[PDB]
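This document opens with one chain alone, in structure tokens, the form deposited in one PDB entry.
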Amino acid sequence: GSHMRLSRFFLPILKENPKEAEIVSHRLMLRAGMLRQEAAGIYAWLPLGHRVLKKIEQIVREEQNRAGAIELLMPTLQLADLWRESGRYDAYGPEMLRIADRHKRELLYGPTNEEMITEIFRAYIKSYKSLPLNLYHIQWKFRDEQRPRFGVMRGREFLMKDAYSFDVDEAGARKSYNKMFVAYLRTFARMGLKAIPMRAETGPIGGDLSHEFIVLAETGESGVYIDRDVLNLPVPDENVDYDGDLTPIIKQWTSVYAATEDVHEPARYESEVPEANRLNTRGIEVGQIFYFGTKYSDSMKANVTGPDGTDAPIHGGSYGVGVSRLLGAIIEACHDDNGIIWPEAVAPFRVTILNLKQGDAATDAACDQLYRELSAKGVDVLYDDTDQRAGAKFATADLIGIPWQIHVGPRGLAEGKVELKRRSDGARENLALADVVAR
């Protein structure tokens, strides 16, 4: 289990708030040594930030696999011609970064991957028997956003797990859509986020199949109207049967009202949601599921032979989690006046060890000992071993958001004890040096 010492690390703390940051999470990612802007909307992820980014990446992956989706990797650069096949090339917009290689071939930095995935599908898959199929990757995208803004939350280069489903009819597709809906409730739950499924902007297709998963915040960009009972709903444990019928679970979440400003009916809101249960607020879109049937398979001629032996365009859906952007949501949703409060499951380190008289023989040895014992039992452990006063060490440990602190000085070591602090709520428990490892 990974383990670092600050004096061997790279963690550039900024004492003061950077002018260029408006919302709290940007403001905090910069001070917490997690980020550097390289161009507008384009970020280097500094060591601490990358660790968090990796953890979010892993969780998202685990839930995709748990739901049966298969991981591959598509390239950043796509041919224009591919996009011409589907009629999105000129249609997508100026946010698509266009590139010309040395041979004047037209490529773009992919903002997304429907055409590409379809291309891949039609090259290999021929019979209804291979389906359902859910193919996904976690990969960098570009949208030449008009005003790159809010640090990681409206950037231009950004990390997204995008998933793509392939079914025989609308029936199978809605089944695949359920699978991802469930996978998503779990995903966000595992990140200490209550993200709410909300019916969101459908295309010319109509119907019900489109949901944005939204975390609530007054700082947020998307506006919402919700029946508060939805904040209390339970999130399927890890044993959910994904070959089964999730309609129950889906009904449990769609039954109660949930909508964004785009598809909101005042006349239906008033008809379903009791006066006191209503809440008009805003939120942060962290995930997005969208069923698009034969939109791509038509133009691209991605067909399979049905269970009656005739060729049909496949029905598909796509499912995106804003991986890089979660970093910004998680912090908005998890901070206080002292800085970040990482949920355990996404923190860059589980515990930091703080030396309150660094250089003194006895405490230095106790730190080493805990450093090494916590290391051996697969715990992510930073040991702040810098030549710096307790006060400085607290402000940083608190700033960077590590879930547990361990305070170690000659004081407590006198009666053979260390202070353990739980960041989220300030809980503290002066403890015996020999017990703390027992978590």
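Between two forms, the rigid core is defined as the largest C-alpha subset superposing within 1.5 Å. When you see a residue number, it is the position in the sequence shown, counting from 1.
Omitted here: the form deposited in another entry. The next part is about that form.
No residue in 244, 87, 93, 207 other than 207 shows a CA shift of 2 angstroms or more between the shown form and the other one after fitting the rigid core. Here's the thing about residue 285 and residue 203: their CA atoms end up at least 3 Å closer in the other form than they are in this form. Figure legend: C-alpha atoms of residue 207 and residue 294, shown here, are separated by at least 3 angstroms less in the other form.
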